[PDB]
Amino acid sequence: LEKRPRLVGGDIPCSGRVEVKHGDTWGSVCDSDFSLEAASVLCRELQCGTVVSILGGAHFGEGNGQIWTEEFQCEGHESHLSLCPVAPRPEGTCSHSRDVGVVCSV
């Protein structure tokens, strides 16, 4: 399950707050750290098609625990977030009020 995505707090299927498994935590992702490329990989990986909207600012609620401290530097084509290049991030630059969300289609 490591670096697998889920979407939680969404009203309809294939939408919600982004959470990506990191050890024993389903970690949220700061909107600032996210990208259309990573959102594309997430929608693909979740069998949810393509990105329609990226919503920042904890639109679908706030996560809890460790916010991701690596950035998913996806090229955009990858089948899995686990296959994207990553970069280390400094801790504490975002709160959960910036947890990113995605709406996928198909």
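One rule holds for the numbers: they count along the sequence shown, beginning at 1.
Averaging only over Cα atoms, indicate whether 12-20 or 87-95 has the higher B-factor in the PDB entry.
-> Taking the mean C-alpha B-factor of 12-20 and of 87-95, the larger value falls to 87-95.
Higher-scoring stretch by recorded Cα B factor average, 75-83 or 61-69 = The recorded data point to 61-69.
Modelled-residue ranking by C-alpha temperature factor, third containing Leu46 = CA B-factor rank for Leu46: highest third.
Ranked against its chain, the third holding the CA B-factor of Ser53 | Within its chain, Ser53 is a middle-third residue by C-alpha B-factor, going by the deposited values.
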